[PDB]
Amino acid sequence: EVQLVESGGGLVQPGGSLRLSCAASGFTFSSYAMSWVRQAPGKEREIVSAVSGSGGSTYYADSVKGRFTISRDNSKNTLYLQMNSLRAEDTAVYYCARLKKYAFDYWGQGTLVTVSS
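Residues numbered from 1 in each chain as written, not as in the entry; some residues may be left out. Heavy atoms only, no water.

Looking at the PDB entry, one finds the protein named VH-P8, with Homo sapiens as its source organism. As recorded in the PDB, the entry bears the title "VH-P8, NMR".

Q: Explain the pairing of strand 6 (residues 78-83) residue by residue, including any values.
A: Strand direction decides the pairing type here: strand 2 (residues 18-24) and strand 6, joined by six bridges, are antiparallel. Pairing of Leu18 across the sheet is with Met83, part of strand 6. In this structure, strand 5 (residues 68-70) lies alongside strand 6, joined through three bridges in antiparallel fashion. Residue pairing for strand 6: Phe68 is matched across the bridge by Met83. (Pairing = 2+ DSSP bridges. Helix = DSSP H or I, 4+ residues; strand = E, 2+ residues; numbered from the N terminus.)

Q: Outline the packing of aromatic side chains, listing residues and values.
A: Enumeration according to the criterion identifies four aromatic pairs in this entry. If you follow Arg98 out to its NZ or CZ, it ends over the ring of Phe27, 4.1 Å from the centre. (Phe/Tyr/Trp six-rings, centres within 6.5 Å; stacked < 30°, edge-to-face > 60°. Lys NZ or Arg CZ within 6 Å of the ring centre and 35° of its normal.)

Q: Help me get a handle on the layout of surface pockets, residues and values and all.
A: What the largest pocket holds in volume is close to 290 Å³. Along the wall of the largest pocket there are 16 residues; nearest its centre are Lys43, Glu46, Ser63, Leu86 and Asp90. Of the residues in the lining of the largest pocket, the class split is six nonpolar, three polar and seven charged. (1 Å grid on protein atoms, 1.4 Å probe; cavity = no way out; pocket = protein on both sides within 12 Å on 5 of 7 lines; lining within 4 Å. Points joined across faces, edges and corners; volume = space filled by probe spheres on them. Nonpolar A, V, L, I, M, F, W, Y, C, P; charged D, E, K, R; others polar.)

Structural data, given as structure tokens:
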């Protein structure tokens, strides 16, 4: 089966950078792809990063296609996210979620990013 649960907690003032992650165990995270994030303080969802398929597919929020990163930790039960670009004016909340068929329908806890300031 799949094991997991978003988590981490980091700050991201304007030009900051957060460090969160998706929990995971037997299925790991990249072995079977895994996408994640999506939520916010009445700020509508907001992804941060994902890795569909072997990884050819990758996500970075909706404005950091090149300024975000789907960091991962295979033998650590989780992958992390270095997401910098916020602006002390848009705190957010995320929720992990896989997406490769046969392994899509889990990840449901709630995490976030506090633009330090």
